[PDB]
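Heads up, what comes next is one protein chain in two forms, each shown on its own as structure tokens, labelled structure 1 and structure 2.
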Structure 1
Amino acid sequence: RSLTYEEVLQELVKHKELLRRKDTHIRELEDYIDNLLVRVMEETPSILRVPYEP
């Protein structure tokens, strides 16, 4: 059925908050990666080689 203006506007508000949470968590993942790679680069940088050779 056709959504009212307010129903569409609620969906937009909900999506705005979800976008904010997703952006937050992207930066948490990117920060984890960066902190981990500092340790890798300093201890065992061969892990970062492309292609990988164990």
Structure 2
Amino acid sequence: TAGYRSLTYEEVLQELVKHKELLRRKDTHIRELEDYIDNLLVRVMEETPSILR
């Protein structure tokens, strides 16, 4: 009864937290790729004397 309610509560909490953590990991991965592209743009800056003359 009280136990059924507590299991229900914990189950909703667990499911929401599961999906939040999935999204958090995806967010981390996208930020990593954005940083990689930013670094390539910095490299292109550094390499501009070779690309343009």
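Rigid core (definition): largest C-alpha set, two forms, superposition within 1.5 Å. Numbering for residues begins at 1 and runs along the sequence of structure 1. Only residues modelled in both forms are compared.
- Only one of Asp31, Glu17, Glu11, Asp23 has its Cα shifted by 2 Å or more between the two structures after fitting on the core, and that residue is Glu11.
- Comparison between the two structures places the CA of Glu42 2.7 angstrom away from its other position, after core fitting.
- The rigid-core fit between the two structures yields the following 3+ residue runs with every Cα displaced by 2 Å or more: 1-13, 44-49.
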